[PDB]
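Single-structure report; data block below.
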Amino acid sequence: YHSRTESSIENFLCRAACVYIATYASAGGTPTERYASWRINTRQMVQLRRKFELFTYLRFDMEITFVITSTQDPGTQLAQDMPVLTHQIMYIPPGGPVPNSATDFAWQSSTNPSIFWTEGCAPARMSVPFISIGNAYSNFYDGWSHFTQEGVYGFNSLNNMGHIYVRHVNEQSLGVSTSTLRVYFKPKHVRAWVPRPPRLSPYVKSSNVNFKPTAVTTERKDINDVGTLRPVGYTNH
Amino acid sequence: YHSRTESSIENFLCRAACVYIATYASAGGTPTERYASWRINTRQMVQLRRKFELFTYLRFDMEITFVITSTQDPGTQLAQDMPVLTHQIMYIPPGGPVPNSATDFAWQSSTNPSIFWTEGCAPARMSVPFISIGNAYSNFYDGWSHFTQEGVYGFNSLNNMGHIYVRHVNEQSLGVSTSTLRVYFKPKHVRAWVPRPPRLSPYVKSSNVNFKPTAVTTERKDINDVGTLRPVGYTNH
Amino acid sequence: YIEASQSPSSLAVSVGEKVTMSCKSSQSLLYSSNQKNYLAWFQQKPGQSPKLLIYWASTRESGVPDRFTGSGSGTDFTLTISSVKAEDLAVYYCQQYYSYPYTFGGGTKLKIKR
Amino acid sequence: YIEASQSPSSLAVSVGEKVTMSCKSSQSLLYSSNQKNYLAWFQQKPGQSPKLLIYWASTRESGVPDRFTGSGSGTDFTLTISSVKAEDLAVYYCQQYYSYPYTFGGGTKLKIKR
Amino acid sequence: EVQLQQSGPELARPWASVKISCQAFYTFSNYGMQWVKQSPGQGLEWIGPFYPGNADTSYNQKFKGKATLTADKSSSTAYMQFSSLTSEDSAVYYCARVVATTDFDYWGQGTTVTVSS
Amino acid sequence: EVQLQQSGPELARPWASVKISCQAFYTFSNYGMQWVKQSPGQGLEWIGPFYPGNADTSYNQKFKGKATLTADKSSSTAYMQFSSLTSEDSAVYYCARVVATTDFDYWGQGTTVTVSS
Amino acid sequence: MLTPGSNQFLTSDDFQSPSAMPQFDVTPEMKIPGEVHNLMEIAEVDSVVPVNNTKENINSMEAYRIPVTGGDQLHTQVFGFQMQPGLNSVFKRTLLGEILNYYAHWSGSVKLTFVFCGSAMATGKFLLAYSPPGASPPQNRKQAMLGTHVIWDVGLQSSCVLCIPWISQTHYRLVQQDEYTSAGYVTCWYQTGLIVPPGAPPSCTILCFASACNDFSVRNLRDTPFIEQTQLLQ
Amino acid sequence: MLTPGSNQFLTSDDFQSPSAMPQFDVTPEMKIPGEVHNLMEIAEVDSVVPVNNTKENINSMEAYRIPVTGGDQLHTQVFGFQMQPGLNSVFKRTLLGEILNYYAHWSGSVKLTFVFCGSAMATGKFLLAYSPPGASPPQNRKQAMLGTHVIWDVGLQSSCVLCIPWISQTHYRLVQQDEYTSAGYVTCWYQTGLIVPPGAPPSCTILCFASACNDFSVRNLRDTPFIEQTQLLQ
Amino acid sequence: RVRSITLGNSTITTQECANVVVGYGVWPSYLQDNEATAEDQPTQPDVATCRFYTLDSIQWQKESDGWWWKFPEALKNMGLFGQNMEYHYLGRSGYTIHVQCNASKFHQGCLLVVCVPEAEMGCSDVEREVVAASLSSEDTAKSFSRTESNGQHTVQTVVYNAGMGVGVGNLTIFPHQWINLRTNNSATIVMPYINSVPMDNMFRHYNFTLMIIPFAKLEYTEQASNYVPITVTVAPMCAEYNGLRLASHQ
Amino acid sequence: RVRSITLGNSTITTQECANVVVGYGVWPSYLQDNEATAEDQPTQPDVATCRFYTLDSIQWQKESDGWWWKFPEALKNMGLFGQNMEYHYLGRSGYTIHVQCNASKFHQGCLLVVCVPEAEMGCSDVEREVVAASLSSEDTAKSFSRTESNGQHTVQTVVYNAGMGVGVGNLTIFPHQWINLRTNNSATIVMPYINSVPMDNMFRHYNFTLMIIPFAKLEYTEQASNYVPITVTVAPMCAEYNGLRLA
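First to last, the protein sequences are chains A, 1, F, L, H, E, C, 3, B and 2. According to the authors' numbering, the first sequence holds residues 56 to 292 in order. According to the authors' numbering, the second sequence holds residues 56 to 292 in order. According to the authors' numbering, the third sequence holds residues 1 to 114 in order. According to the authors' numbering, the fourth sequence holds residues 1 to 114 in order. According to the authors' numbering, the fifth sequence holds residues 2 to 118 in order. According to the authors' numbering, the sixth sequence holds residues 2 to 118 in order. According to the authors' numbering, the seventh sequence holds residues 5 to 238 in order. According to the authors' numbering, the eighth sequence holds residues 5 to 238 in order. According to the authors' numbering, the ninth sequence holds residues 81 to 330 in order. According to the authors' numbering, the tenth sequence holds residues 81 to 327 in order.
Here it is as structure tokens:
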């Protein structure tokens with residue numbers, strides 16, 4: 056009697072996976088270097104993508120944990136008295152305002168939930184519920200966005216998970232301060248429908264299912280081939 | 056689980072055996088060549104002796120059968136018309152008159168039972184009861200007949216049964232008719248006591264138990280030797 | 001010991017007839033490990049040296065004609081002569097070379113009957 | 001079956017020169033657990049009984065000169081003699097003892113160049 | 002360096018069964034002995050191994066149904082029995098023997114079985 | 002077809018030793034020779050061989066403690082020593098020799114050793 | 005009251021996180037057919053086994069078909085392989101093999117179904133043989149007959165089912181293990197030969213399906229070895 | 005009415021004969037102890053077996069004694085013989101042997117008893133082994149151990165019993181016909197050896213008895229071969 | 081033995097009693113008020129959508145590779161269904177699919193019939209995209225190929241990858257059946273409505289793909305019919321469409 | 081355990097445990113009225129006839145062969161039994177024989193003791209016969225011989241033919257007992273009256289013979305007794321004699 060409790064959907068898909076690693080400075084520089092942005096999608100981490108693409112429809116809540124590690128950056132006019140750093144983490148729902156640079160107005164919108172995190176404490180966590188117009192997420196979509204056979208093929212507008220933005224609240228007068236963000240994504244209360252056969256050919260694109268024709272398995276020397284064998288001895292003789 | 060009915064005493068000591076063969080003439084020759092005499096004793100047929108001497112005491116009747124075959128001897132003045140031959144068979148109990156020749160008076164006694172047999176019919180048969188003073192015949196007797204420890208050793212005991220005498224009745228003027236007598240002796244209702252080990256050395260005397268020192272059994276090649284032979288090859292024989 | 005008995009008497013037949021005779025042994029004469037029968041068929045000219053005819057009881061001696069053929073397995077060992085002759089007057093021995101004692105048979109003389 | 005092919009031709013070099021030879025095999029003979037190669041370097045003296053030089057293709061037999069060395073693993077099996085001689089003429093074989101049959105080598109007679 | 006002997010060469014005849022014995026001077030615990038065929042045209046060819054202490058007798062598939070093997074441990078001998086012999090079987094048979102599952106360190110002497118049809 | 006000869010017939014006497022030689026015309030490798038007793042009433046009886054190449058000398062058990070054997074392979078001469086010579090030991094001694102392991106292929110000539118007391 | 009290790013981020017912990025979008029009434033769910041409660045419901049469906057992947061058919065469907073031919077040969081093998089799912093090159097790409105390859109320990113038995121793709125007028129026999137883990141594969145028909153075997157008749161029946169048992173010392177065996185000559189062997193031998201009437205094609209084909217039985221289970225999830233990319237796509 | 009075969013003399017028939025001497029009153033029977041009713045009671049008693057007969061002991065009482073040498077006898081054989089009663093040289097003189105030799109067919113079990121005539125301070129072990137008719141005798145202690153055997157410890161028990169079974173295809177086996185490799189063998193082997201204290205003798209003796217068991221029977225009486233004479237004595 | 085099915089009173093089919101694979105375990109059924117977010121009552125056209133639509137017969141030859149149809153576009157011109165796919169906006173239906181092969185007792189073959197839900201297919205040229213013409217024809221059956229295609233805007237028609245990017249041998253996880261000409265010549269599949277929304281537009285979204293793939297090649301003796309005819313039949317069930325009436329009082 | 085037996089109030093015997101073999105199964109018994117038809121009635125004088133007569137002791141050595149007595153002649157000149165033997169013409173009696181060895185735990189050997197009824201013996205010279213002197217001494221034990229005997233009127237004394245002509249290994253058919261110095265120490269044999277007539281003369285007739293044959297030789301170390309004593313004790317029972325008074 057062997058238990059079957061580790062192979063359930065929950066115990067299979069509820070593993071935290073580092074899905075995004077980014078870096079962003081604090082002091083003056085090119086504006087696009089002063090904030091970190093990530094669009095939520097389970098289609099760029101190939102291992103997690105192959106785990107997810109084993110089913111057709113999925114329904115889950117999202118738990119996101121952010122790990123931030125910052126150090127001073129070498130240069131002239133260094134600081135000796137930097138009190139403490141504070142980071143702002145922003146979740147933008149689909150259709151909400153999206154900042155185009157640091158020190159923008161969109162960082163003050165009351166509709167986008169924010170977390171103000173000061174270094175030294177435990178990593179910041181949030182949990183997004185199942186937000187969608189439809190009734191489930193679809194890994195595969197065979198159709199078009201518009202009903203007149205025009206638009207991107209295989210793109211469903213219903214599923215969208217938003218964006219995540221990170222910036223330095225501190226306006227640091229002297230010294231550049233580089234920070235590193237690692238995102239940990241994990242579904243909870245996972246429901247899966249319509250199992251599908253797992254993929255065979257390597258992924259080439261993050262938006263299509265395009266592929267190259269690969270072989271079905273690894274070659275063998277002959278049809279009636281069982282290698283290793285046994286040398287003559289106490290048993291084989 | 057097999058029956059034991061052919062190893063019993065009755066089925067072991069009741070087989071007819073030819074214990075005496077004699078020849079006697081009819082007209083010519085010395086008187087001692089005109090009759091056949093035999094003293095009944097189980098001490099001259101070595102097979103019957105060895106089977107009887109397996110026990111010590113025996114008690115049995117006697118059934119005796121006589122087979123007589125006669126011819127006409129070669130010569131001159133030979134007979135041509137002799138009708139038939141009639142023989143006389145005479146049983147002499149112990150302590151009875153015994154003829155010393157043919158035509159003797161003793162052949163006409165009224166105490167000796169006689170059988171007159173004409174040739175051509177079935178053989179003459181007779182049966183004698185247990186004639187003894189004691190209560191059983193003794194094969195082995197350790198002692199002497201006389202109380203003064205002198206006499207003959209193991210001899211002249213009560214084991215006396217009688218004599219048998221056969222003669223011709225027809226007086227023959229022409230020719231001589233030679234005849235042959237075969238005696239067949241069997242016990243009936245035999246009872247045996249005190250079993251003894253079977254003999255090992257061959258018999259040497261018809262009255263004693265004397266013997267030569269004989270080896271206990273036949274030779275053998277080795278003490279730890281069974282059949283499995285060795286053939287002599289490139290090995291040490 | 002290990003011995004064998006020769007045929008009870010001689011051939012005592014007229015010349016020119018194929019003869020089949022036998023030699024009985026007093027113990028087994030087959031080495032089942034080698035499937036070998038340790039016995040041979042002998043012959044001794046009166047006044048001269050002996051010489052065998054069939055050795056191993058299955059193959060005739062080289063230089064001996066085909067008429068003498070020995071056969072047999074186990075204790076029994078037989079022989080057949082396709083044509084008896086008056087110029088083979090000798091004694092036939094059925095000897096076993098198993099081991100010493102290398103005892104012989106009894107002998108089979110070819111007497112006169114003609 | 002499991003056979004092997006010796007060098008295409010004999011040494012055909014002068015006396016006193018080192019010789020490097022190969023005996024390719026139709027099947028690999030390296031076993032993971034034993035970490036040993038089941039092939040032996042043989043040497044058959046002309047007219048006498050054979051005798052190998054190296055067994056396991058890495059352990060020189062007690063009684064083998066330092067000149068002969070076996071090498072090679074798997075399908076490849078090579079031989080190296082630091083000095084060829086004239087009086088040790090033989091026919092070098094490579095006999096495997098991996099599995100039935102115990103197939104021998106290809107044959108290599110030491111020819112004459114002098 | 003322990004020696005080894007066998008029956009020896011005889012001049013046989015066609016269809017004459019020839020057993021070639023082999024003496025012993027060793028121990029009989031998971032050790033073995035077999036033979037070879039030294040023919041200049043046929044190179045080196047084994048025929049069938051016996052395994053004393055193991056009771057395993059096999060043959061080359063080129064002679065199955067032709068040759069058999071027998072042995073005696075107490076007598077310390079091994080025998081190849083032949084059947085339906087041909088005239089081209091004449092070869093120098095060496096009694097190969099080894100105290101090992103995998104080695105050939107003791108070799109035979111030689112045996113000639115040339116025939117004359 | 003090779004013959005075989007030996008010492009020769011001497012008319013001996015009881016209690017007079019008779020050493021019977023025997024030459025050879027073959028080799029001395031694992032081959033052997035023995036003798037037989039040619040007597041009309043006693044048939045044929047072996048007496049005792051010795052085996053060159055084996056160092057095995059054996060005698061008949063009826064003659065155990067009576068006869069011995071001694072010979073030299075380089076001498077190529079085979080004695081047959083005998084003791085306690087009686088009057089009934091008369092026989093025509095054949096020197097049989099065999100190159101097979103166990104056979105009786107080749108035979109001698111014959112010697113008369115009849116004695117008179 | 006508190007250890008310094010009480011405040012940490014452990015990647016394998018399950019503590020409820022505060023909600024970021026409350027008062028958001030989620031869309032009610034609907035009954036979509038085809039729900040999955042366990043991945044073991046995926047590993048018990050028959051999939052075609054490429055038994056004929058002889059280095060020239062892996063670029064075609066020819067690998068999926070085992071070819072049986074009619075002729076005078078009688079004692080020749082049909083096919084043969086080793087029964088170690090998840091590592092054997094035959095099974096490692098089917099559904100059973102891949103669901104095994106996600107995990108590290110497994111235990112159970114495997115069902116194999118053979119189907120005869122041939123004419124309706126063909127008639128023959130086969131001698132499907134199985135060898136225990138501690139043995140060598142049979143070499144000829146006689147040795148395979150004396151072991152554990154089954155005579156499949158393609159006349160009375162069109163399909164044959166064979167259930168490999170579960171033999172091991174420990175509780176869970178490994179997926180990748182130094183498993184030499186100690187796992188098992190399944191072979192097929194010609195018994196009589198393929199017979200056809202005048203008009204039926206001589207040759208035929210055999211297909212094989214492999215699935216897991218009801219005792220089957222796995223443990224110790226890990227990463228699959230088939231993925232070979234470490235860069236985020238695009 | 006009468007065939008010519010009605011008047012004949014058949015020497016194996018029972019017919020009442022005319023009484024020669026009637027009016028004769030026989031002597032009354034008396035009670036003589038030790039009456040025999042059947043000959044099997046003669047066989048059932050125990051008799052000594054001359055095991056050690058080697059052409060020099062049959063003319064002495066050394067024939068019965070089985071030597072057991074003391075010292076470091078590694079694994080030698082104490083004795084060994086073949087169980088065909090009535091024909092084997094050792095069994096053809098005892099009481100059972102003679103009774104069997106009188107008849108022609110026999111069927112039953114033979115009981116062997118070994119007694120150890122030795123010192124009271126001698127200790128050791130012996131291995132008594134039995135090999136059925138269809139097998140070769142063991143040649144060393146190991147093969148004797150692998151078969152049917154009893155370990156007789158002279159220290160604990162001074163007597164051993166072996167009851168040979170009855171194995172044959174037919175009901176009765178002929179008394180006198182040679183069956184090699186079809187008789188059965190008994191062999192004794194040194195297990196440890198005889199260990200003695202200072203003062204006891206270092207050698208001993210073993211005696212053997214052989215007797216028929218309860219289930220024994222004979223058939224077809226005939227004449228014995230041992231007796232030879234054909235002339236009437238004197 | 082034989083039986084008749086007179087759906088729509090205008091179509092009759094004869095089949096023998098055999099086995100049916102009923103989708104994922106659920107029979108097609110009407111959408112209830114619980115599942116509908118829209119309160120508007122859906123109208124149910126059942127007069128002519130519940131009949132047998134026999135498509136064209138296809139020829140299975142010795143060198144064929146496979147075929148796919150895309151549903152629900154395969155019935156674009158078939159009867160009232162074709163009119164109602166155009167005159168409405170939201171639709172929903174299930175299907176019954178019969179596949180039959182007309183072969184004698186001397187042929188050989190083994191088809192696999194599958195119904196793949198939302199079979200997203202990839203382009204031949206890796207970087208570019210596909211067009212709507214390549215994916216499906218209105219009623220003609222597109223086919224795979226044995227070798228790799230090298231088109232610009234065409235689907236990858238390699239049979240041993242099914243175009244879907246997955247090994248073909250693993251396709252048996254989907255609703256499927258096997259046609260073995262030795263014993264069987266008919267497969268019946270009942271496919272319910274599988275989608276993430278209660279109602280979807282007919283023209284925009286291909287609900288699923290019916291694929292027939294021969295795993296064992298056809299074989300026949302020289303003097304026999306060169307091909308095997310395959311016939312496909314489709315019957316819609318439980319068709320529900322949007323409403324076109326003023327819910328608010330007028 | 082140890083027990084003492086006092087028969088006739090004039091004898092003592094000490095013995096612990098002895099297995100008893102009672103003849104052929106019948107105990108000695110007085111003659112009953114069924115088989116008595118002689119001139120006069122029997123008499124039963126048992127005053128001093130029932131007591132233990134201790135015969136002389138014999139020395140079992142390394143090179144001894146056997147010993148053998150003839151009863152009732154072995155008690156010809158011993159007490160009231162000898163007196164009644166001389167006086168009365170007829171007789172009848174049974175016997176009880178105790179044989180006891182005196183050996184330590186460092187001696188080894190084995191003995192067979194048999195009672196042979198009517199052991200008719202053979203002469204050394206086959207043609208001639210035996211004499212009463214050789215057939216039995218007064219009460220001493222005649223001994224067998226390892227080799228042949230060369231006398232003229234002397235019994236054959238080879239031990240492996242028992243002096244009777246039968247194998248010595250087949251003497252176990254008679255009443256017998258085995259004495260093994262390893263385990264056993266004493267033998268007791270009760271012999272009833274075995275004869276073909278109810279009464280017979282004691283002087284001329286030798287009812288039976290007592291034989292003691294060592295199958296296993298006596299072996300000992302240098303430092304021990306170079307002999308083992310053997311002692312024989314008899315005790316007649318149910319002794320009858322003819323009446324000597326007028327009817």
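Note that the Cβ used here is the ideal one computed from N, Cα and C, for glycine as well.
By alpha-carbon distance to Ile21 (chain H), the top candidate from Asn31 (chain H), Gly54 (chain H) and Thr113 (chain H) is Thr113 (chain H). Judged by DSSP secondary structure, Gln147 (chain 3) falls within the alpha helix (DSSP H) whose first and last residues are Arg145 to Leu150.
By the Cβ test, the segment 273–285 of chain 2 is in contact with the segment 199–212 of chain 1, since at least three Cβ pairs between them sit closer than 8 Å. For the segment 81–96 of chain 3, residues whose beta-carbon sits nearer than 8 Å to a beta-carbon of chain 1 comprise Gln81, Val82, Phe83, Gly84, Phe85, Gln86, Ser93, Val94 and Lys96. Judged by DSSP secondary structure, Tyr93 (chain L) falls outside any beta strand (DSSP E); it is assigned neither H nor E. Listed in chain order, the beta strand (DSSP E) runs fully inside the segment 194–234 of chain 3 are 208–223, counting runs of at least 3 residues.
The three-state reading of DSSP puts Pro86 (chain A) in helix, counting H, G and I together.
For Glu11 (chain H), no alpha helix (DSSP H) segment is defined, and its DSSP state is neither H nor E. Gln77 (chain 3) has a beta carbon lying at 8 Å or more from every beta carbon in chain 1. Non-local C-beta neighbours of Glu65 (chain A) in its own chain, meaning closer than 6 Å and more than five positions away in sequence, comprise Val245, ordered along the chain. Distance from the CA atom of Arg14 (chain H) to the CA atom of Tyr95 (chain E), rounded to whole angstroms, is 29 Å. Secondary structure in the segment 138–219 of chain 1: the beta strand (DSSP E) runs of 3 residues or longer, each lying completely within the stretch, are 141–147, 169–173 and 179–183 in chain order.
For the segment 136–150 of chain 1, the beta-carbon criterion of a distance under 9 Å to any beta-carbon of chain 2 is satisfied by none of its residues. Here the alpha carbons of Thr111 (chain 1) and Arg104 (chain 1) stand approximately 12 Å from one another.
A distance of 8 Å or more separates the beta carbons of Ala191 (chain A) and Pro86 (chain A).
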